[PDB]
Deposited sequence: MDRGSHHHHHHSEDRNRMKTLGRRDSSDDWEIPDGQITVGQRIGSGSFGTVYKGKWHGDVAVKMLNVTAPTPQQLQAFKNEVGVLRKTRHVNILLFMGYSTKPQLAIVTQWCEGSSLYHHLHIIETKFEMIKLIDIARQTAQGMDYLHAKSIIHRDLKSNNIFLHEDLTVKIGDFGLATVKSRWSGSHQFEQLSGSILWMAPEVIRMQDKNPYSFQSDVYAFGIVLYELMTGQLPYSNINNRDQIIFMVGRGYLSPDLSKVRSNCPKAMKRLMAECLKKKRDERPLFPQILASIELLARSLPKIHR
């Protein structure tokens, strides 16, 4: 099929996000759309490649818990168009406006996140940068997973969600389904405490050193009292320092659905 969108069709509006490599606007196209542009007028074969790669991954996705890809264009600027998300990222709710969700709602958000991630892995897609920033609460109800970073091509990294093996860079490719399961383990942490790991350490190099060497791990005792035992237990299995000791999403998704019904 053809997901190309001729120029002219989209009416670009308010700018909503600026980054090193590309800018995102709100747009008009048979309704509301989000449009991530490139801005750089002359694209190097470097960027023209990563464009194809991203699009290629997106068009493989058809799930309610994954940001809905809608089209792209190359006409004047490289651009990718997606469903328009009304609301805020989970990060925003949790650590910026500190929205207080009910325990039932928190568990729900976890389940939807698992669903999407199950789907992504089933389609052979390793996210590599799961984190509360990349989880949108569409209309404060539906979880949409995406990649909303306007930087990385490695760039920086938010190392809070990074698994010990990724922090340690042995092997060219340390990323795996379990490394994604670890990031998710951190997301659970955020949900069940309302906090970011290692809030009390102000040195990024030491967190990296200590996490990778095994000396440091999220303070599990900060989990709210009303948080179900089955949940904490699952959360702990996801954050195991040893890769092959972590569960995969079918098993995780099962565990969440099971503990949700009580």
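Enumerate the deposited-sequence segments absent from the coordinates, judged by C-alpha atoms, in order of position. No coordinates exist for the deposited residues in 1 to 27, 181 to 191, 301 to 306, so these stretches are absent from the model.
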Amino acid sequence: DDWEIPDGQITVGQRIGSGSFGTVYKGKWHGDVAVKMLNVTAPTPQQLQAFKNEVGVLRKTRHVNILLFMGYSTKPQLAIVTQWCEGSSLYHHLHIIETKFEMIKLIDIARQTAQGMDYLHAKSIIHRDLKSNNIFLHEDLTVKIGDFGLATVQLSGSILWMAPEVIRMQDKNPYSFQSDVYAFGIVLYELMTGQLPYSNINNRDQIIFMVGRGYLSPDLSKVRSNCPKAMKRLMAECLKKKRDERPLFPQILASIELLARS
From here on, numbers count along this sequence of modelled residues.
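Whichever C-alpha set is largest while still superposing within 1.5 Å between the two forms counts as the rigid core.
Core-superposed in 4 other deposited structures of this protein, which stretch deviates more in Cα positions, 105 to 113 or 68 to 76? Between the two stretches, 68 to 76 moves farther in 4 other deposited structures of this protein.
Superpose on the core, then say which of 43 to 51 and 59 to 67 ends up with the larger RMS Cα offset from this form in 4 other deposited structures of this protein. If we average over structures and residues in 4 other deposited structures of this protein, the farther stretch is 43 to 51.
Can you check if, in at least a third of the other PDB entries compared, residue 18 has no modelled coordinates? In at least a third of the comparable entries (those modelling both sides of it), residue 18 has no coordinates.
Tell me which stretch has the larger mean Cα B-factor in this entry, 80 to 88 or 163 to 171. The stretch with the larger mean CA B-factor is 163 to 171.
Pick between 194 to 202 and 44 to 52: the one whose mean CA B-factor in the entry is higher. Comparing 194 to 202 with 44 to 52, the higher mean C-alpha B-factor belongs to 44 to 52.
Per the entry, which of 71, 116, 157, 185 tops the list for Cα B factor? Result of the comparison over 71, 116, 157, 185: 157.
C-alpha B-factor winner, where the candidates are 60, 30, 36, 229: By C-alpha B-factor in the record, 229 ranks first.
Within this chain, which third does the Cα B-factor at residue 236 fall in: lowest, middle or highest? CA B-factor rank for residue 236: middle third.
Once the chain's modelled residues are ordered by C-alpha B factor and cut into thirds, is residue 207 in the lowest, middle or highest one? Ranked within chain, residue 207 CA B lands in the lowest tercile.
Compare the C-alpha B factor of residue 181 with those of the other modelled residues in its chain, then answer lowest, middle or highest third. For residue 181, whose C-alpha B-factor we compare with every modelled residue in the chain, the answer is the lowest third.
Third of chain Cα B-factors occupied by residue 102: For residue 102, the deposited C-alpha B-factor lands in the middle third.
Could you look up the Cα B-factor of residue 95 in the entry and say which third of the chain it sits in: lowest, middle or highest? For residue 95, the deposited C-alpha B-factor lands in the lowest third.
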